[PDB]
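Protein chains in written order, with the working numbering: chain D, 5 to 223; chain R, 476 to 578; chain A, 47 to 258.
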Amino acid sequence: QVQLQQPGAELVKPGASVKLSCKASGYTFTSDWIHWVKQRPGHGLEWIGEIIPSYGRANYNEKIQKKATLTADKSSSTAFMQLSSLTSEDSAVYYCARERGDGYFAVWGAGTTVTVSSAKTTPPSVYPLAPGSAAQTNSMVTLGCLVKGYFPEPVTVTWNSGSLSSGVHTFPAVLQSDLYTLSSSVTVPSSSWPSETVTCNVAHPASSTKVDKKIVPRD
Amino acid sequence: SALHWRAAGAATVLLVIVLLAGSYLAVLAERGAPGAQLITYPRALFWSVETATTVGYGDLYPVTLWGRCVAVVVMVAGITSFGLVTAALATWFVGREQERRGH
Amino acid sequence: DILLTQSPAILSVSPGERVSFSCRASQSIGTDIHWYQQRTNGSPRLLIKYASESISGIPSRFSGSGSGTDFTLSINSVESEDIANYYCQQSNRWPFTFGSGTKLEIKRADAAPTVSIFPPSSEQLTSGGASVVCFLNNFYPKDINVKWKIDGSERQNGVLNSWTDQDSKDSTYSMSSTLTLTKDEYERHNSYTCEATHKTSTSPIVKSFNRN
Ligand SMILES: CCCCCCCCCCCCCC(=O)O[C@@H](CO)COC(=O)CCCCCCCC
Ligand SMILES: CCCCCCCCCO
Ligand SMILES: [K+]
Ligand SMILES: [K+]
Ligand SMILES: [K+]
Ligand SMILES: [K+]
Ligand SMILES: [K+]
Numbered sequence: 005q006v007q008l009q010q011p012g013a014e015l016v017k018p019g020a021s022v023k024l025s026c027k028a029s030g031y032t033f034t035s036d037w038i039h040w041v042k043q044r045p046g047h048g049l050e051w052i053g054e055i056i057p058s059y060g061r062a063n064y065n066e067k068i069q070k071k072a073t074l075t076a077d078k079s080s081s082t083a084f085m086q087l088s089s090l091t092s093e094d095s096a097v098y099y100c101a102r103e104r105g106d107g108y109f110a111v112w113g114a115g116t117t118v119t120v121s122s123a124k125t126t127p128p129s130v131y132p133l134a135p136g137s138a139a140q141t142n143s144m145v146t147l148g149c150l151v152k153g154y155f156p157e158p159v160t161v162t163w164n165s166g167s168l169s170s171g172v173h174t175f176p177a178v179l180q181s182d183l184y185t186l187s188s189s190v191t192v193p194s195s196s197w198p199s200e201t202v203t204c205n206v207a208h209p210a211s212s213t214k215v216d217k218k219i220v221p222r223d
Numbered sequence: 476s477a478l479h480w481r482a483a484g485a486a487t488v489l490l491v492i493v494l495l496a497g498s499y500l501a502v503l504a505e506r507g508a509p510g511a512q513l514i515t516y517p518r519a520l521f522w523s524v525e526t527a528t529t530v531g532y533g534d535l536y537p538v539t540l541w542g543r544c545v546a547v548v549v550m551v552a553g554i555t556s557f558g559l560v561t562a563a564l565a566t567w568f569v570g571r572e573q574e575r576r577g578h
Numbered sequence: 047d048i049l050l051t052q053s054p055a056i057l058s059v060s061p062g063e064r065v066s067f068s069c070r071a072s073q074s075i076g077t078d079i080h081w082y083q084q085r086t087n088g089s090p091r092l093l094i095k096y097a098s099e100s101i102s103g104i105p106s107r108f109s110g111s112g113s114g115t116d117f118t119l120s121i122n123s124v125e126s127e128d129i130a131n132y133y134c135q136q137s138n139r140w141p142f143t144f145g146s147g148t149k150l151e152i153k154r155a156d157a158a159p160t161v162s163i164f165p166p167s168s169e170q171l172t173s174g175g176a177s178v179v180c181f182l183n184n185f186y187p188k189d190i191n192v193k194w195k196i197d198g199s200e201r202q203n204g205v206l207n208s209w210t211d212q213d214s215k216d217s218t219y220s221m222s223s224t225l226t227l228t229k230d231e232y233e234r235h236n237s238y239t240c241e242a243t244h245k246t247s248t249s250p251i252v253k254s255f256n257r258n
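Shown next, in the form of structure tokens:
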């Protein structure tokens, strides 16, 4: 199943320490190493460090800044990374991967979007979009939802408790002074909606906010 | 069941154990030193067999102090194991020759 | 360390066709190379282990070959789902290293956009300001021009555009255009337009509405 489990996002004021957690279900051999991979926005993957828990030994990327500290936990099978005292360059998605000691990363985690900014957390506000008060559609009708005024990244956006992908085009965020804004599109056969139902589930893994709203047509 | 046999057996068991532990510990000591090729388990295993049986190919030698201590352990353990099995065979043949005669 | 070079960073291909990514290590490493896949806001997917060995759940579409310093990742019959970034990773010397990456583009048939325009809602104005959103979905090529003209008079500010990557569902592209105005300005007009202009349409493809 899903084995490595990482928190969605972290926000740190520029200078503190941040402690990333990665928890593993599935098998847990003694020959398991746990690796970390920094992926800056627009950059590739960059190996940070590894740790063997069934002994507790850690190695760190000696070729880039070695600020961090990997630690272990005996029972629960959980590892920690201690990225302490940062700038605004240390803002990236941080993956943890499991390696069976045979060199390749079999399983990865979902990542942890770590954000460095002097600002504080602002949850979003979702406003829906039914087609205009009178506009003519075809065999496929297209909806959407607006998620604006939030901080920080990211926002998980799904349609109908995640059970829908048919025509889902979610768009990247935009800058609008200290807060974000982005839209998610969905395209179903007009033979359905509104003669059925369409809700959208928007989680903000930072302020921790599930938000929902059905898309009912404009009168 | 005598002793030379009952010691060669223990040498074999302990050699197998040391090959396994040496694989593991060699990986555990080599990772972290840039340039180390001895950093996965399945080949730390074959390196341990090539090192204990005093073959030494030379394609996966350790490069750190602890990795080299582990290597010395593996070398000494393998040499002891095989010298002791040789002693066992010699004792067996001596016995069989002390019977083809009498003493 | 070991340098993994991936040439080129961008590789474009038509559907149903064999693309070949390439990885080159700065010294002989045997076959200790492993291929991962990552889509937009995805995580890495182990495609191939030790140069040329299969992974469960990976299609026969994906091969993998080479040894020493030169290694190749091939795809017979590319399809839209393959649109991702591809990395190589070595496990022959410490530390493990990754490659710079390589993007797969699919050149597909030309497609005119699907345009849609949306007025604000009875929570957005119930909470204050307003925003009028305009979508341009599943078009190809990716070159298109959003146009905001209020009352005929072109409006130029507050147009926060946003662009998808190439959609890994059908090799297409999409775009949104946020235009945000508090109802102080929204209520004293009633005409909001959104045109587009694509390689496939010499005429503008337009959408608009009224506040009534
Ligand atoms: C005057 C007579 C000289 C006789 C020999 C003396 C040798 C010096 C001390 C040996 C270790 C010092 C460590 C050091 O400062 O070296 C480490 C520095 O990174 C790396 O060690 C090494 O990589 C060397 C490992 C040698 C292992 C030998 C095992 C023998 C059973
Ligand atoms: C003789 C066995 C020594 C154990 C070596 C442990 C490796 C630790 C290196 O950091
Ligand atoms: K010899
Ligand atoms: K020899
Ligand atoms: K040799
Ligand atoms: K040699
Ligand atoms: K000998």
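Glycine included, every Cβ here is placed at the ideal spot set by N, Cα and C.
Whole-angstrom distance between residue j and residue i, CA atom to CA atom
i: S89(D); j: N236(A); result: 52 Å
i: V548(R); j: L490(R); result: 11 Å
i: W567(R); j: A482(R); result: 13 Å
i: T218(A); j: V130(D); result: 27 Å
i: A83(D); j: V111(D); result: 15 Å
i: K215(A); j: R70(A); result: 30 Å
i: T515(R); j: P193(D); result: 53 Å
i: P135(D); j: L168(D); result: 19 Å
i: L24(D); j: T116(D); result: 8 Å
i: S195(D); j: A158(A); result: 23 Å
i: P187(A); j: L150(A); result: 15 Å
i: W522(R); j: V530(R); result: 10 Å
i: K195(A); j: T226(A); result: 14 Å
i: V205(A); j: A155(A); result: 29 Å
i: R518(R); j: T561(R); result: 28 Å
i: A114(D); j: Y154(D); result: 21 Å
i: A177(D); j: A55(A); result: 24 Å
i: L495(R); j: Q512(R); result: 18 Å
i: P11(D); j: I554(R); result: 52 Å
i: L92(A); j: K42(D); result: 17 Å
i: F108(A); j: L478(R); result: 59 Å
i: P198(D); j: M144(D); result: 12 Å
i: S120(A); j: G110(A); result: 6 Å
i: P132(D); j: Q140(D); result: 19 Å
Candidates the options, of which the one nearest residue i by Cα
i: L49(A); options: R139(A), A155(A), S120(A); result: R139(A)
i: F144(A); options: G174(A), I163(A), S98(A), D78(A); result: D78(A)
i: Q135(A); options: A242(A), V192(A), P250(A), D47(A); result: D47(A)
i: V118(D); options: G107(D), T191(D), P18(D); result: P18(D)
i: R64(A); options: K229(A), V161(A), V205(A), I152(A); result: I152(A)
i: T125(D); options: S21(D), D182(D), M144(D); result: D182(D)
i: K67(D); options: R61(D), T75(D), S79(D), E50(D); result: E50(D)
i: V538(R); options: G507(R), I554(R), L564(R); result: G507(R)
i: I219(D); options: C149(D), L168(D), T116(D); result: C149(D)
i: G166(D); options: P176(D), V206(D), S143(D), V192(D); result: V206(D)
i: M221(A); options: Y232(A), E233(A), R234(A), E241(A); result: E241(A)
i: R102(D); options: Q86(D), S199(D), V6(D); result: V6(D)
i: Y238(A); options: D230(A), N256(A), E231(A); result: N256(A)
i: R222(D); options: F164(A), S247(A), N207(A); result: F164(A)
i: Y132(A); options: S53(A), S168(A), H244(A), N207(A); result: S53(A)
i: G88(A); options: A130(A), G198(A), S247(A), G76(A); result: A130(A)
i: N63(D); options: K70(D), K71(D), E54(D), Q69(D); result: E54(D)
i: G107(D); options: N122(A), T243(A), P141(A); result: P141(A)
Check whether residue i and residue j have beta carbons under 7 Å apart
i: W37(D); j: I52(D); result: no
i: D211(A); j: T86(A); result: yes
i: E505(R); j: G542(R); result: yes
i: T118(A); j: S66(A); result: yes
i: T146(D); j: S162(A); result: yes
i: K152(D); j: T185(D); result: yes
i: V16(D); j: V159(D); result: no
i: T34(D); j: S81(D); result: no
Chain C residues whose Cβ lies nearer than 7 Å to that of residue i
i: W194(A); result: Here chain C cannot be found, since the structure's protein chains are D, R and A.
Any residues whose CB sits closer than 7 Å to a heavy atom of ligand 4? List them in chain order?
-> The set, ordered by position in the chain, is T529(R), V530(R), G531(R).
Ignoring anything shorter than 3 residues or poking outside the segment 86 to 130 of chain A, list the beta strand (DSSP E) runs there in chain order.
-> If we require 3 residues or more, the beta strand (DSSP E) runs fully inside the segment 86 to 130 of chain A come out as 91 to 94, 111 to 113, 116 to 121.
Which runs of the alpha helix (DSSP H), 4 residues or longer, sit entirely within the segment 28 to 92 of chain D?
-> The segment 28 to 92 of chain D contains no whole alpha helix (DSSP H) run of 4 or more residues.
Starting from the N-terminal side, write out each stretch of the beta strand (DSSP E) that is 3 residues or longer and does not extend beyond the segment 95 to 156 of chain D.
-> The segment 95 to 156 of chain D contains these whole beta strand (DSSP E) runs: 97 to 103, 109 to 112, 116 to 120, 129 to 132, 144 to 152.
In chain order, what are the residues with a CB under 5 Å from some non-hydrogen atom of ligand 1?
-> Working through the chain, the matches are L540(R), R543(R), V547(R).
Segments of 3+ residues assigned as beta strand (DSSP E) that fall wholly inside the segment 148 to 204 of chain A | Taking only runs of at least 3 residues, the beta strand (DSSP E) segments lying wholly in the segment 148 to 204 of chain A are 149 to 152, 160 to 164, 176 to 185.
Any alpha helix (DSSP H) of 4 or more consecutive residues that is wholly inside the segment 214 to 254 of chain A = Correct list: 229 to 232.
Starting from the N-terminal side, write out each stretch of the alpha helix (DSSP H) that is 4 residues or longer and does not extend beyond the segment 492 to 575 of chain R.
-> Counting only runs of at least 4 residues, the segment 492 to 575 of chain R fully encloses the following alpha helix (DSSP H) elements, listed from N- to C-terminal order: 516 to 527, 540 to 572.
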